[PDB]
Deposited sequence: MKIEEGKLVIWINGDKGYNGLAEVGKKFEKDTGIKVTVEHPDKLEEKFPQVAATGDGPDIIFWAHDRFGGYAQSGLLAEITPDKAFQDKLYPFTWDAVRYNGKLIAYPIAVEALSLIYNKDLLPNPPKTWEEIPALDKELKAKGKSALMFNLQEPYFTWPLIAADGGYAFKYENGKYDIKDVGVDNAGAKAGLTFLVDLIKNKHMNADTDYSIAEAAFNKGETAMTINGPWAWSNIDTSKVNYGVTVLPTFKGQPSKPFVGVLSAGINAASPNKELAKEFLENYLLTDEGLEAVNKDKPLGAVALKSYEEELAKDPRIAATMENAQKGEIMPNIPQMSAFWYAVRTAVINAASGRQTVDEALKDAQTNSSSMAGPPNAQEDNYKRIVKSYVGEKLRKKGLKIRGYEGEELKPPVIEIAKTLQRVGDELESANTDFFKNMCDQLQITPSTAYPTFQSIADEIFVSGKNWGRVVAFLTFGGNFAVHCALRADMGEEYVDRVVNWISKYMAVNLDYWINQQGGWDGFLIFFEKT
């Protein structure tokens, strides 16, 4: 389904209760006439920033909060602003998870933490310590059983152990340059993990489905997983319980804790409808219950419902494990940390590197263009287009507006203050190109040469508008010459967009992104 006024499209990961949500959707449609479509696309968390940066994607995106800081800093999520009576219905720490630079950028739904899940018949009392698991496994393989199987393919699952004795991602006001994935406690935890594998107690190939089948068939005594998984266990009839993770070197396993959150695409035209559905249909007792029946959510943010749920021993264990871990950061670098630790675990586990070589790759890779260019080009394109219509030029693909939500306001403000600048300098600009004497062979160096000399002494929002008006005029001038066609129009639009992504994106984000632009130049 495509974005469409008067309808909602929702993206949510395939392990959640999407059929229960769909039923809330149906009820909404019955009561209001508005159609809700729920989808669960593959790799949705990597697609969203690619397609949102071009004006596409869902109205509402569901994911844990660690991904959203990167999206918001790119301008892809709309700010959220509920009434006090509603904010008060949910727990405050869940709102803190979705606060990025003072702005709430999503609705918190449920608190998620890994717990140890065990087969009460084959392990009637579960181990309290990681270290005692190797002895338990030889004891169970004696019986054609295993002690423990969990997903070694996603770092989420192994991180509680890596963190236990001192592993950390970013030092806390977070220092990009102090990561801590190659400290001694990290090396110690991943060594335990890799030793379990080399000593034949786990298989480095094991993944989500292999572990679930194992446990729900009765072939392994334990697994590590979140509340979404309880539903399939109940169907298996296995006699299980849910409890606190084991300790490593005397200290708790420290899981990175996620808050399932619903963010609203900054390109959506249904922002207000999305909010009142979430607040009056999802975030009630009857709404969360419909989803919970499909796949358990965990510890819900909604006070009135969690007070019943809390009496389930499985939720008690969820919250115990959550208090021993850390709420994940939401910052943009979280992505590169996870990717770096993915490779390091996978490589140490398989055997292609030592721990010391891998976690030292993870250290450098954890620290430090095209996607931002596509962002900027939307803005650059709306403004070059208008200047083209102003001169009477008809250029393919620069016909008509059709702007989508974020750029509407930005475009408006940019034209207002841009006309300010050149109205006060009508001669200089009208003769600008007759000075330069551009040609196909001198065009690129002249464009760079001048742009660089604008900014050599420093940057401000006005030097950026001056720059955007220069490049726009440069473009219109290229369209005018029969030896430089419509081909030079998109070409110069690209020069401008890349120049911004390359040379100015840092300053622009430091001064607040386009929302800062909107406020600096705001009216009356």
Quiz prompt | Gaps in the model (deposited sequence, numbered from 1) | solution = 173 to 175, 372 to 375
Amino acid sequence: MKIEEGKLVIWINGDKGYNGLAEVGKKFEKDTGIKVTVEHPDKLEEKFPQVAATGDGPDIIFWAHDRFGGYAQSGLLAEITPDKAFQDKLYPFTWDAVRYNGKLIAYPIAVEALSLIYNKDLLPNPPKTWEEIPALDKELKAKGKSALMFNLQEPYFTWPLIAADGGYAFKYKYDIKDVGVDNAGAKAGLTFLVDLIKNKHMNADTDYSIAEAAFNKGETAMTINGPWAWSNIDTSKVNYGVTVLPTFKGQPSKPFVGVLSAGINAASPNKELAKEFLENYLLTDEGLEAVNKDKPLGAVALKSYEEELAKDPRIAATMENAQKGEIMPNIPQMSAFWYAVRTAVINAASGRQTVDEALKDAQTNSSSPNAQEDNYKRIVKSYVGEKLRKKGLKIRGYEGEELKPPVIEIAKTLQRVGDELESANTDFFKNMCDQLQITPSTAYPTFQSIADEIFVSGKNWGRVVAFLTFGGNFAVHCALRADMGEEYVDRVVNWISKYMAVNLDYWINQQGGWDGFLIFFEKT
From here on, numbers count along this sequence of modelled residues.
Quiz item: Of 38 to 46 and 479 to 487, which one has the bigger average CA B-factor?
Solution: 479 to 487
Practice problem: Please work out which of 374 to 382 and 125 to 133 has the higher mean CA B-factor as recorded in the PDB entry. | Solution: 125 to 133
Quiz prompt | Residue of maximum C-alpha B factor among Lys295, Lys324, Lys430, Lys303, per deposited coordinates | solution = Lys430
Quiz item: Going by the deposited entry, which of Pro406, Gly400, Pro255, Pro445 has the highest CA temperature factor?
Solution: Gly400
Quiz item: How does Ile3 rank on Cα B-factor within its chain, lowest, middle or highest third?
Solution: highest
Exercise. Would you please rank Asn225 by its C-alpha temperature factor against the other modelled residues of its chain and give the third it falls in: lowest, middle or highest?
Key: lowest
Exercise. For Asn265, return the chain-relative third of its C-alpha B-factor as stated in the PDB record: lowest, middle or highest.
Key: lowest
Practice problem: Using the B-factors in the PDB entry, rank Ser115's C-alpha atom against the chain and give the third, lowest, middle or highest. | Solution: lowest
Quiz item: Going by what the PDB entry lists, where does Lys84 fall on CA B-factor within its chain: lowest, middle or highest third?
Solution: highest
